Amino acid sequence: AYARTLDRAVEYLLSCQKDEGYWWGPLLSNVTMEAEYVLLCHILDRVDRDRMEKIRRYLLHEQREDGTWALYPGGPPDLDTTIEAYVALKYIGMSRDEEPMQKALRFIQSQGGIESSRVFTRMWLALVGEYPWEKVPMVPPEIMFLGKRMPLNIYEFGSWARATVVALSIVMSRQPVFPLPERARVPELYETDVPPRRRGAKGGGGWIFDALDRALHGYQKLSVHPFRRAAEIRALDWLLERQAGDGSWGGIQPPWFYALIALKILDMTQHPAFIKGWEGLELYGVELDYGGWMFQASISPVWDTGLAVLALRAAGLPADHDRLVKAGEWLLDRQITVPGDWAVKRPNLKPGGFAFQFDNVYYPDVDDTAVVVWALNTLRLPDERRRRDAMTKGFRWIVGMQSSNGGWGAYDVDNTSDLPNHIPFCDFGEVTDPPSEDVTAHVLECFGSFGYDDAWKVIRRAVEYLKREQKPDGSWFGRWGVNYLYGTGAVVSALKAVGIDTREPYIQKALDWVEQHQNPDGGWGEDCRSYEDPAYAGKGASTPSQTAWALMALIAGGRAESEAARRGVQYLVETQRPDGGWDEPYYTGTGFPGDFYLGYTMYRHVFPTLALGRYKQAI
Ligand SMILES: CCCCCCCCCCCC[N+](C)(C)[O-]
């Protein structure tokens with residue numbers, strides 16, 4: 001039955017591979033990327049009219065009938081996202097009169113106007129002189145002076161947040177303004193009768209920081225500030241030292257964008273870092289077939305390549321397949337062999353991790369590494385001297401990254417500080433990088449592929465962590481992939497890989513939860529709403545990737561013979577395209593739970609292939 005489905009699936013993945021031997025599907029997010037880009041270009045005084053047009057097209061192609069934009073397809077209207085899209089559009093040429101503009105405006109005013117938007121949106125607007133700097137939370141460059149064990153120091157923030165803070169402290173230290181032309185002003189974002197509903201920190205705000213902020217703004221207006229210029233240079237140096245090979249900062253847009261702004265302010269437009277930073281941007285841009293242009297919040301080549309191999313190997317391809325060889329070779333060259341910000345917690349730990357993007361040496365993440373090491377373990381390459389060596393290096397790196405509670409985070413060890421989640425400034429997404437279930441689940445299966453079982457103390461502690469984290473209904477939270485279906489699928493398959501008896505009470509409870517959520521069509525869906533409302537747990541339209549995850553949960557749980565499993569396969573077989581791939585108009589990717597979602601273009605193809613391959617071998 002599934003046989004032809006597999007063959008087509010396989011020949012399809014092979015056609016998507018590059019000549020260098022890697023897979024690289026685009027990463028889908030939301031309109032703010034390009035809205036802020038537009039804004040960025042204004043500040044930098046480097047506007048390409050042609051580029052603006054392709055962006056104008058994209059913003060419109062993305063706006064829904066109601067005149068709004070969401071964080072994910074099919075999601076509720078987002079104020080922040082809509083406000084920025086509105087401004088970019090107005091800067092481009094659109095007059096407030098036009099249909100798209102009007103409908104947007106209405107929504108914006110009904111939500112409390114500009115005063116109801118997040119700090120970032122207000123800040124971006126402040127940068128262009130459309131909102132008082134004094135009403136934006138201050139981040140002083142002096143934060144650069146706080147030491148390693150001292151509270152609130154930069155190393156208490158998650159990777160993503162860390163660079164963003166440093167870069168922003170320079171910007172806020174100067175409170176610059178790049179006035180929009182009179183034609184692009186947007187005072188209309190203020191015209192509202194609705195009281196502005198303000199959003200606090202990610203977990204409540206203390207009146208102290210509230211007081212502190214006012215003090216900071218007052219200190220900002222003093223004629224002199226000692227050691228200020230010193231802290232600025234500290235921040236500048238920090239950024240100079242940590243720039244990525246592609247010119248970006250962290251391989252993600254926020255810090256990159258702010259860093260570029262920071263250098264502009266400091267007359268460093270003729271400086272090497274700025275140049276590479278600016279020109280490096282193109283690599284992240286994507287030309288859309290309909291005449292549009294989009295910007296990637298980040299890029300997933302290493303991730304995509306890692307999974308594709310696993311999928312293709314599970315599909316049935318041999319370890320020595322000339323194509324997979326091309327991939328394993330590439331992967332090896334991608335291994336980081338120098339210390340990064342994680343070394344601040346592990347100075348004696350020898351580097352050997354892997355990063356998400358092409359060249360991001362200071363920020364390898366466990367999730368990538370765990371997958372890449374595992375994937376490498378399946379292959380049979382010419383120089384197994386370098387293969388065994390690379391695996392060994394990666395393996396020990398992962399082990400050394402384990403956190404206190406027995407689980408793994410993404411970038412740092414024990415980035416569990418609670419303090420940062422209370423600051424006024426932090427009202428958008430995760431600020432710390434604490435351990436998560438999924439990453440731990442992947443790390444576990446990685447070890448498992450090597451033969452290590454429950455006997456090993458490392459793995460034992462890990463399992464203890466998972467068991468304690470299991471939800472009441474026997475499900476597992478999906479941190480990076482779209483919820484419970486993702487989390488559960490990841491964990492269960494891992495438990496099986498480390499010699500755990502799937503017969504267990506808690507493991508069976510997980511499998512039941514899975515079956516009890518299957519859709520009529522025989523597939524599995526989970527809307528991104530499962531982050532806000534618990535009623536949406538494992539509830540949504542069926543998607544190839546999610547169906548496949550839940551399917552893995554069953555295959556690993558010894559339930560491949562189940563009825564549930566049979567309809568699952570059928571779904572994929574039926575919904576598959578003639579070319580070999582699957583469609584997926586929904587996001588099954590998670591950046592920040594509740595605030596930022598992702599569309600991993602490859603998921604819809606890779607997972608079903610992996611899931612299917614695993615099913616065939618289960619016979
Ligand atoms: C707010 C936009 C910044 C992008 C959010 C970061 C996306 C990169 C995430 C790296 C983690 C990916 N993964 C699967 C390996 O865990």
# chains A, B, ... in the order shown; residues from 1 in each chain; ligands from 1
call {"tool": "residues_around", "arguments": {"residues": "segment 469-480 of chain A", "least_positions_apart": "5", "cutoff": "9 Å", "atoms": "only C-alpha atoms", "output": "PyMOL selection string"}}
result
chain A and resi 436-439+464+485-491+506-514+588-593
call {"tool": "write_last_selection", "arguments": {"atoms": "N, CA, C and O atoms", "output": "compact mmCIF listing (two decimals), in the first residue's frame"}}
result
# COMPACT_ATOMS: atom_id res chain seq x y z
N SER A 436 14.13 21.69 28.18
CA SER A 436 12.82 21.35 27.64
C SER A 436 12.72 19.86 27.33
O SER A 436 13.74 19.15 27.19
N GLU A 437 11.49 19.38 27.26
CA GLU A 437 11.20 17.98 27.02
C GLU A 437 11.68 17.49 25.66
O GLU A 437 12.47 16.55 25.58
N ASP A 438 11.22 18.15 24.61
CA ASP A 438 11.58 17.76 23.25
C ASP A 438 13.07 17.66 22.97
O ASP A 438 13.53 16.64 22.44
N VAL A 439 13.82 18.70 23.33
CA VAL A 439 15.26 18.72 23.11
C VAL A 439 15.87 17.53 23.84
O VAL A 439 16.69 16.80 23.28
N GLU A 464 14.04 10.57 34.59
CA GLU A 464 13.42 11.09 35.82
C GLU A 464 12.81 12.45 35.53
O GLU A 464 11.71 12.76 35.99
N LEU A 485 1.37 16.90 20.50
CA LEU A 485 1.58 15.85 19.51
C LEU A 485 3.08 15.72 19.23
O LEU A 485 3.61 14.61 19.19
N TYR A 486 3.73 16.87 19.07
CA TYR A 486 5.17 16.95 18.82
C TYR A 486 5.95 16.44 20.02
O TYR A 486 6.78 15.53 19.88
N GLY A 487 5.69 17.05 21.18
CA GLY A 487 6.34 16.66 22.41
C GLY A 487 6.23 15.16 22.65
O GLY A 487 7.23 14.46 22.72
N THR A 488 4.99 14.67 22.70
CA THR A 488 4.73 13.26 22.94
C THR A 488 5.45 12.34 21.97
O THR A 488 6.12 11.40 22.38
N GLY A 489 5.30 12.62 20.68
CA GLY A 489 5.95 11.81 19.66
C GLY A 489 7.44 11.73 19.87
O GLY A 489 8.03 10.64 19.80
N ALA A 490 8.05 12.87 20.18
CA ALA A 490 9.48 12.97 20.43
C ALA A 490 9.91 12.12 21.62
O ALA A 490 10.82 11.29 21.51
N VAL A 491 9.24 12.32 22.75
CA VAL A 491 9.54 11.60 23.99
C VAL A 491 9.39 10.09 23.91
O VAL A 491 10.31 9.35 24.23
N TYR A 506 2.70 4.84 32.74
CA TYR A 506 2.79 6.20 32.22
C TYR A 506 3.02 6.29 30.71
O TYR A 506 2.63 7.27 30.07
N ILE A 507 3.68 5.28 30.14
CA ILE A 507 3.95 5.24 28.71
C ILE A 507 2.69 4.82 27.94
O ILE A 507 2.42 5.32 26.84
N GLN A 508 1.92 3.91 28.52
CA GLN A 508 0.68 3.45 27.90
C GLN A 508 -0.33 4.58 27.91
O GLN A 508 -1.06 4.78 26.95
N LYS A 509 -0.33 5.35 29.01
CA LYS A 509 -1.22 6.49 29.19
C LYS A 509 -0.99 7.52 28.08
O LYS A 509 -1.91 8.22 27.65
N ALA A 510 0.26 7.60 27.63
CA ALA A 510 0.65 8.52 26.57
C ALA A 510 0.07 8.05 25.25
O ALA A 510 -0.53 8.82 24.51
N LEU A 511 0.24 6.76 24.96
CA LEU A 511 -0.27 6.18 23.72
C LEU A 511 -1.80 6.32 23.62
O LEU A 511 -2.33 6.59 22.54
N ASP A 512 -2.50 6.17 24.74
CA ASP A 512 -3.95 6.30 24.76
C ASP A 512 -4.33 7.71 24.38
O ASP A 512 -5.20 7.93 23.53
N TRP A 513 -3.66 8.67 25.00
CA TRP A 513 -3.91 10.08 24.73
C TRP A 513 -3.80 10.35 23.24
O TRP A 513 -4.59 11.11 22.68
N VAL A 514 -2.81 9.74 22.60
CA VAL A 514 -2.59 9.92 21.17
C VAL A 514 -3.79 9.43 20.35
O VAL A 514 -4.38 10.21 19.59
N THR A 588 3.62 24.20 12.17
CA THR A 588 3.83 23.15 13.15
C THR A 588 5.20 23.44 13.78
O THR A 588 5.85 22.56 14.34
N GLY A 589 5.60 24.71 13.67
CA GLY A 589 6.86 25.18 14.22
C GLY A 589 6.62 26.19 15.32
O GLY A 589 5.69 26.99 15.25
N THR A 590 7.47 26.16 16.35
CA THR A 590 7.33 27.06 17.48
C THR A 590 8.63 27.79 17.83
O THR A 590 9.66 27.16 18.09
N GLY A 591 8.56 29.12 17.80
CA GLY A 591 9.71 29.94 18.15
C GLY A 591 9.60 30.23 19.64
O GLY A 591 10.45 29.80 20.43
N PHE A 592 8.55 30.96 20.01
CA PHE A 592 8.26 31.32 21.39
C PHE A 592 6.80 30.98 21.66
O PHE A 592 5.91 31.52 21.00
N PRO A 593 6.54 30.08 22.61
CA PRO A 593 5.18 29.65 22.98
C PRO A 593 4.20 30.80 23.20
O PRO A 593 4.32 31.55 24.17
call {"tool": "residues_around", "arguments": {"residues": "residue 552 of chain A", "least_positions_apart": "3", "cutoff": "6 Å", "atoms": "only C-alpha atoms", "output": "ChimeraX atom specification"}}
result
/A:489,549,555-556,611
call {"tool": "closest_residue", "arguments": {"among": "A:559, A:184, A:461, A:249", "to": "residue 93 of chain A", "atoms": "only C-alpha atoms"}}
result
A:184
call {"tool": "select_by_dssp", "arguments": {"residues": "segment 559-608 of chain A", "states": "helix (DSSP H, G or I)", "output": "ChimeraX atom specification"}}
result
/A:563-575,603-608
call {"tool": "write_last_selection", "arguments": {"atoms": "C-alpha atoms", "output": "CSV table (one decimal), in the first residue's frame"}}
result
chain,number,residue,atom,x,y,z
A,563,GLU,CA,-6.4,0.5,13.9
A,564,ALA,CA,-5.4,4.0,14.8
A,565,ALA,CA,-2.0,3.4,13.0
A,566,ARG,CA,-3.7,2.0,9.9
A,567,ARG,CA,-5.9,5.1,9.3
A,568,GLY,CA,-2.8,7.2,10.0
A,569,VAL,CA,-0.8,5.7,7.2
A,570,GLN,CA,-3.9,5.8,4.9
A,571,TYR,CA,-4.2,9.5,5.5
A,572,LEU,CA,-0.7,10.2,4.3
A,573,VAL,CA,-1.1,7.8,1.3
A,574,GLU,CA,-4.3,9.7,0.3
A,575,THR,CA,-3.2,13.3,1.0
A,603,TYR,CA,8.5,19.2,7.9
A,604,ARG,CA,5.6,18.3,5.6
A,605,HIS,CA,7.9,16.1,3.5
A,606,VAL,CA,10.6,14.8,5.9
A,607,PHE,CA,8.4,13.6,8.8
A,608,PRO,CA,5.9,11.6,6.8
call {"tool": "residues_around", "arguments": {"residues": "segment 396-404 of chain A", "least_positions_apart": "2", "cutoff": "7 Å", "atoms": "only C-alpha atoms", "output": "number ranges by chain"}}
result
A: 349-353, 366, 392-394, 406-408, 413-414
call {"tool": "residues_near_ligand", "arguments": {"ligand": "ligand 1", "cutoff": "9 Å", "atoms": "only C-alpha atoms and all ligand atoms", "output": "ChimeraX atom specification"}}
result
/A:27,29,33,160,250-255,296-300,302-303,355-357,365-369,371,410-411,429,438-439,479-481,589-592,595-598
call {"tool": "residues_around", "arguments": {"residues": "residue 452 of chain A", "least_positions_apart": "6", "cutoff": "9 Å", "atoms": "only C-alpha atoms", "output": "JSON, numbers by chain"}}
result
{"A": [459, 497, 498, 499]}
call {"tool": "residues_around", "arguments": {"residues": "residue 67 of chain A", "least_positions_apart": "6", "cutoff": "12 Å", "atoms": "only C-alpha atoms", "output": "NGL selection string"}}
result
:A and (59-61 or 76-79 or 81-83 or 85-86 or 98-108)
call {"tool": "write_last_selection", "arguments": {"atoms": "N, CA, C and O atoms", "output": "PDB file, in the first residue's frame"}}
result
ATOM      1  N   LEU A  59       3.223  41.802   1.705  1.00  0.00           N
ATOM      2  CA  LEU A  59       2.417  42.217   2.844  1.00  0.00           C
ATOM      3  C   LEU A  59       0.941  42.069   2.509  1.00  0.00           C
ATOM      4  O   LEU A  59       0.166  41.515   3.298  1.00  0.00           O
ATOM      5  N   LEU A  60       0.576  42.500   1.302  1.00  0.00           N
ATOM      6  CA  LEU A  60      -0.811  42.415   0.866  1.00  0.00           C
ATOM      7  C   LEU A  60      -1.273  40.991   0.674  1.00  0.00           C
ATOM      8  O   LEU A  60      -2.353  40.627   1.127  1.00  0.00           O
ATOM      9  N   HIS A  61      -0.432  40.177   0.049  1.00  0.00           N
ATOM     10  CA  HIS A  61      -0.772  38.776  -0.178  1.00  0.00           C
ATOM     11  C   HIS A  61      -0.945  38.042   1.150  1.00  0.00           C
ATOM     12  O   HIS A  61      -1.562  36.978   1.210  1.00  0.00           O
ATOM     13  N   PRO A  76      -5.854  34.261  15.104  1.00  0.00           N
ATOM     14  CA  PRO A  76      -6.571  35.513  15.376  1.00  0.00           C
ATOM     15  C   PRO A  76      -5.739  36.716  14.975  1.00  0.00           C
ATOM     16  O   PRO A  76      -4.523  36.621  14.848  1.00  0.00           O
ATOM     17  N   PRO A  77      -6.383  37.857  14.725  1.00  0.00           N
ATOM     18  CA  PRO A  77      -5.581  39.014  14.342  1.00  0.00           C
ATOM     19  C   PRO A  77      -4.634  39.448  15.455  1.00  0.00           C
ATOM     20  O   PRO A  77      -4.969  39.381  16.647  1.00  0.00           O
ATOM     21  N   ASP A  78      -3.417  39.798  15.053  1.00  0.00           N
ATOM     22  CA  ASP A  78      -2.417  40.269  15.987  1.00  0.00           C
ATOM     23  C   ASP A  78      -2.261  41.783  15.823  1.00  0.00           C
ATOM     24  O   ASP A  78      -2.058  42.294  14.716  1.00  0.00           O
ATOM     25  N   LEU A  79      -2.365  42.496  16.939  1.00  0.00           N
ATOM     26  CA  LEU A  79      -2.245  43.945  16.927  1.00  0.00           C
ATOM     27  C   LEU A  79      -0.863  44.371  16.482  1.00  0.00           C
ATOM     28  O   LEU A  79      -0.713  45.059  15.476  1.00  0.00           O
ATOM     29  N   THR A  81       1.637  42.861  15.044  1.00  0.00           N
ATOM     30  CA  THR A  81       1.953  42.493  13.672  1.00  0.00           C
ATOM     31  C   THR A  81       1.254  43.415  12.676  1.00  0.00           C
ATOM     32  O   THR A  81       1.871  43.905  11.725  1.00  0.00           O
ATOM     33  N   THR A  82      -0.020  43.686  12.934  1.00  0.00           N
ATOM     34  CA  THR A  82      -0.814  44.543  12.068  1.00  0.00           C
ATOM     35  C   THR A  82      -0.344  46.002  12.069  1.00  0.00           C
ATOM     36  O   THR A  82      -0.320  46.659  11.014  1.00  0.00           O
ATOM     37  N   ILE A  83       0.071  46.484  13.240  1.00  0.00           N
ATOM     38  CA  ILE A  83       0.539  47.857  13.386  1.00  0.00           C
ATOM     39  C   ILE A  83       1.775  48.126  12.555  1.00  0.00           C
ATOM     40  O   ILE A  83       1.881  49.161  11.894  1.00  0.00           O
ATOM     41  N   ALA A  85       2.909  46.232   9.959  1.00  0.00           N
ATOM     42  CA  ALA A  85       2.606  46.025   8.549  1.00  0.00           C
ATOM     43  C   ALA A  85       1.960  47.295   8.007  1.00  0.00           C
ATOM     44  O   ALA A  85       2.252  47.731   6.888  1.00  0.00           O
ATOM     45  N   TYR A  86       1.111  47.904   8.829  1.00  0.00           N
ATOM     46  CA  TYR A  86       0.419  49.124   8.452  1.00  0.00           C
ATOM     47  C   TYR A  86       1.418  50.242   8.161  1.00  0.00           C
ATOM     48  O   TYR A  86       1.309  50.932   7.137  1.00  0.00           O
ATOM     49  N   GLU A  98      -7.126  53.906   0.956  1.00  0.00           N
ATOM     50  CA  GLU A  98      -7.224  52.567   0.366  1.00  0.00           C
ATOM     51  C   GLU A  98      -7.754  51.448   1.263  1.00  0.00           C
ATOM     52  O   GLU A  98      -7.408  51.372   2.446  1.00  0.00           O
ATOM     53  N   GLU A  99      -8.590  50.587   0.671  1.00  0.00           N
ATOM     54  CA  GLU A  99      -9.241  49.450   1.346  1.00  0.00           C
ATOM     55  C   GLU A  99      -8.394  48.707   2.375  1.00  0.00           C
ATOM     56  O   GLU A  99      -8.787  48.593   3.538  1.00  0.00           O
ATOM     57  N   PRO A 100      -7.222  48.192   1.962  1.00  0.00           N
ATOM     58  CA  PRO A 100      -6.349  47.463   2.885  1.00  0.00           C
ATOM     59  C   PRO A 100      -5.982  48.290   4.118  1.00  0.00           C
ATOM     60  O   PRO A 100      -6.018  47.789   5.246  1.00  0.00           O
ATOM     61  N   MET A 101      -5.658  49.562   3.890  1.00  0.00           N
ATOM     62  CA  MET A 101      -5.280  50.481   4.963  1.00  0.00           C
ATOM     63  C   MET A 101      -6.414  50.713   5.956  1.00  0.00           C
ATOM     64  O   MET A 101      -6.244  50.521   7.165  1.00  0.00           O
ATOM     65  N   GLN A 102      -7.571  51.104   5.425  1.00  0.00           N
ATOM     66  CA  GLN A 102      -8.766  51.370   6.218  1.00  0.00           C
ATOM     67  C   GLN A 102      -9.143  50.245   7.180  1.00  0.00           C
ATOM     68  O   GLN A 102      -9.242  50.453   8.391  1.00  0.00           O
ATOM     69  N   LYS A 103      -9.334  49.052   6.629  1.00  0.00           N
ATOM     70  CA  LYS A 103      -9.715  47.886   7.417  1.00  0.00           C
ATOM     71  C   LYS A 103      -8.711  47.613   8.527  1.00  0.00           C
ATOM     72  O   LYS A 103      -9.089  47.282   9.656  1.00  0.00           O
ATOM     73  N   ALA A 104      -7.434  47.787   8.207  1.00  0.00           N
ATOM     74  CA  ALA A 104      -6.375  47.582   9.178  1.00  0.00           C
ATOM     75  C   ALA A 104      -6.558  48.599  10.298  1.00  0.00           C
ATOM     76  O   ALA A 104      -6.742  48.217  11.461  1.00  0.00           O
ATOM     77  N   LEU A 105      -6.583  49.884   9.921  1.00  0.00           N
ATOM     78  CA  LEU A 105      -6.750  50.999  10.859  1.00  0.00           C
ATOM     79  C   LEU A 105      -7.892  50.775  11.863  1.00  0.00           C
ATOM     80  O   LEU A 105      -7.713  50.965  13.076  1.00  0.00           O
ATOM     81  N   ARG A 106      -9.057  50.375  11.353  1.00  0.00           N
ATOM     82  CA  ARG A 106     -10.212  50.120  12.203  1.00  0.00           C
ATOM     83  C   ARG A 106      -9.823  49.165  13.317  1.00  0.00           C
ATOM     84  O   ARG A 106      -9.989  49.481  14.497  1.00  0.00           O
ATOM     85  N   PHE A 107      -9.262  48.021  12.931  1.00  0.00           N
ATOM     86  CA  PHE A 107      -8.831  47.013  13.890  1.00  0.00           C
ATOM     87  C   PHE A 107      -7.870  47.607  14.913  1.00  0.00           C
ATOM     88  O   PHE A 107      -8.033  47.418  16.122  1.00  0.00           O
ATOM     89  N   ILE A 108      -6.877  48.338  14.421  1.00  0.00           N
ATOM     90  CA  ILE A 108      -5.881  48.950  15.281  1.00  0.00           C
ATOM     91  C   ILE A 108      -6.504  49.876  16.323  1.00  0.00           C
ATOM     92  O   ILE A 108      -6.153  49.815  17.511  1.00  0.00           O
TER      93      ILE A 108
END
